[PDB]
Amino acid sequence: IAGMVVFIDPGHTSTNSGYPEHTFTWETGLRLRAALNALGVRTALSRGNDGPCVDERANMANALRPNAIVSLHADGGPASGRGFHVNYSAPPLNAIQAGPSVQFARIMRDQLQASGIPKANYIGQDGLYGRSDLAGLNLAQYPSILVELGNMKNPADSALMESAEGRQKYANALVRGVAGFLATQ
C-alpha cells in the first residue's frame, strides 16, 4: 500500500467544556496523517491550520485523484447518543460511489468497531449511514466516506475527544480502516 494516495479532510459544534469540533478533527487528522506516512502512504490535508468551503475541498480531492478520501467530523446530538457512524453517498451518482466507497464504508465501520470505538446507538444502522444529502460525498469521484467519530455532547465521547489518548485511539482505528480499504484496492 506504500505510494497510494489518501486525502484527509478535518471538518470545518463543541463539547460541553467548549473543546471545538474543528480542533478535534484537526488533531485527530494529524495523528492519522502521521500513521499513514509511517506506512508509506502519501497523504494530504484539506487545510493547513486550525478554511476551504465544500467546493474547493471537492476540487482538491478530485484533483489529487486519491485512492481514498476520509472526512473527519464529530456530531452535536442529544447527549444520550454516542458512538460513530460512517456516512457514504447513497444512491450513488457514479460507479465509484456505488462500489469502492461502500466497501470503504463497511471496512471502516468494522475496523472502528474492532478498535474499541462504539457504533452510534442513535443514528444510522450498525455504524453505517447511506445518505443523499451531503454535498461533499455526492461530488466525490474517488472513494470517499465521512466519519462522525462520536457525539461531542455525550460525556463519554467528549471524554475521549478532549483527551490526547482518546484522540490517538481514534487515529489508530481510522488508520486500520484506511489501510484495510487500501489493501483491497
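All residue numbers refer to positions in the sequence shown, first residue = 1.
In the deposited entry, the stretch joining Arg176 to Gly177 is continuous, with no residue of the deposited sequence left without coordinates.
Counting the unmodelled positions of the deposited sequence between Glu56 and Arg57 gives zero. When 167-175 is weighed against 18-26, 18-26 comes out higher, by mean CA B-factor as recorded in the entry.
Relative to its counterpart among 62-70 and 37-45, 37-45 has the higher mean temperature factor, C-alpha atoms as listed in the PDB entry. The entry lists C-alpha B-factors for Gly81, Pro92, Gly76, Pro100, and the highest of these is at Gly76. As recorded in the entry, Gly51 carries the highest CA temperature factor of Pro118, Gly124, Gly136, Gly51. Sort the modelled residues of the chain by CA B factor and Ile145 lands in the lowest third. Annotation for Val6: CA B-factor lies in the middle third of the chain's modelled residues. Among all modelled residues in this chain, the alpha-carbon of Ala156 has a temperature factor (C-alpha) in the highest third.
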